[PDB]
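All letters in the sequence shown, in the order written, are residues 1 to 140 by the deposited numbering.
Don't be surprised by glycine CBs; every beta carbon is placed ideally from N, CA and C.
These notes concern the structure reproduced below.
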Amino acid sequence: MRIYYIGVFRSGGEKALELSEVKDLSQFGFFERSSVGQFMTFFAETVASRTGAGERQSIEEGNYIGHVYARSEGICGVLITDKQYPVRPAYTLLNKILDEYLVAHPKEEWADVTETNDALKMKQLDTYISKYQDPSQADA
């Protein structure tokens, strides 16, 4: 009943160019969190990959959901959370994140970015995914 992964990834070729990767390992132990973390990213990269930009993707898995929100430039962001985390707040979260990606550096500066990763990071997408763990974080 909480968000497990957040991030951003530009739709590349076979997979999504990992823009940024943030995880939430609350229920997963020290050893489990590692395996689940890989599960999160691989799934987050897949969504951005299956998301052909300008569209949204909510991947319903037998454990959690994988919300997705793409921009009209070429680089989209992914938001993977439990089914008990509506798409509306994920919309708000992926709203600040996508707009946040455009701010950290001009829209064209990245323009898909043939080279990105969690290295760049984003206080927004990170602090959001961390606190958003709850039902929605709809300004409460």
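- Task: Closer than 8 Å by C-beta to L120: which residues in its own chain qualify, once you throw out the five before and the five after it? Chain order, please.
- Result: Position 120 of the sequence shown holds residue 120. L19, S20 and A104, listed in sequence order.
- Item | Among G13, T46, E14 and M1, the one whose alpha carbon lies nearest that of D24 | Taking the first residue of the sequence shown as 1, we reach residue 24 at position 24. It is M1 whose Cα lies nearest to the Cα of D24.
- How many Å lie between residue 141 and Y128 at the Cα? Past the boundaries of the shown model lies residue 141; the chain is included only from 1 to 140, so the question cannot be answered.
- Would you check if there are 3 or more beta carbon pairs closer than 8 Å linking the segment 51–69 to the segment 90–110? Contact between the segment 51–69 and the segment 90–110 is present: 3 or more CB-CB pairs across the two stretches fall below 8 Å.
- Whole-angstrom distance between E61 and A16, CA atom to CA atom: Taking the sequence shown and counting its residues from 1, the one referred to as residue 16 is at position 16. Taking the sequence shown and counting its residues from 1, the one referred to as residue 61 is at position 61. In a straight line, the C-alpha of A16 is about 19 Å away from that of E61.
- Message: If you measure between the beta carbons of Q133 and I3, is that distance less than 8 Å?
- Response: The count along the sequence shown starts at 1 and reaches residue 133 at position 133. The count along the sequence shown starts at 1 and reaches residue 3 at position 3. Result yes, Cβ atoms of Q133 and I3 sit closer than 8 Å.
- Is the distance from the Cβ of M40 to the Cβ of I80 below 8 Å? Taking the first residue of the sequence shown as 1, we reach residue 40 at position 40. Taking the first residue of the sequence shown as 1, we reach residue 80 at position 80. Result yes, Cβ atoms of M40 and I80 sit closer than 8 Å.
- Take the Cβ of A138 as the centre, count every other Cβ of all protein chains shown within 10 Å, and call the residue buried at 16 or more, exposed below. Translated into positions along the sequence shown, residue 138 becomes position 138. Classification of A138: exposed, given that the 10 Å Cβ count is below 16.
- Under 8 Å between the Cβ atoms of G54 and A111? Walking along the sequence shown from the start, residue 54 turns up at place 54. Walking along the sequence shown from the start, residue 111 turns up at place 111. It is not a contact, given that the beta carbons lie outside the stated cut-off.
- Query: Going by Cα to Cα distance, which pick from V22, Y5, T114 and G77 is closest to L94?
  - Reply: By 1-based counting over the sequence shown, the position of residue 94 is 94. For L94, the nearest C-alpha among the options comes from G77.
- Message: So, with DSSP's three-state summary, where would you put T81?
- Response: To locate residue 81, count along the sequence shown from 1; it is residue 81. Three-state result, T81: strand.
- Query: Which stretch, first to last residue, makes up the beta strand (DSSP E) that contains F9?
  - Reply: Within the sequence shown, residue 9 is the residue found at index 9, counting from 1. Residues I3 to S11.
- Could you tell me the distance, in whole angstroms, from the CA atom of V22 to the CA atom of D126? Counting from one through the sequence shown, the residue named residue 22 turns up at place 22. Counting from one through the sequence shown, the residue named residue 126 turns up at place 126. Cα-Cα distance, rounded: 6 Å.
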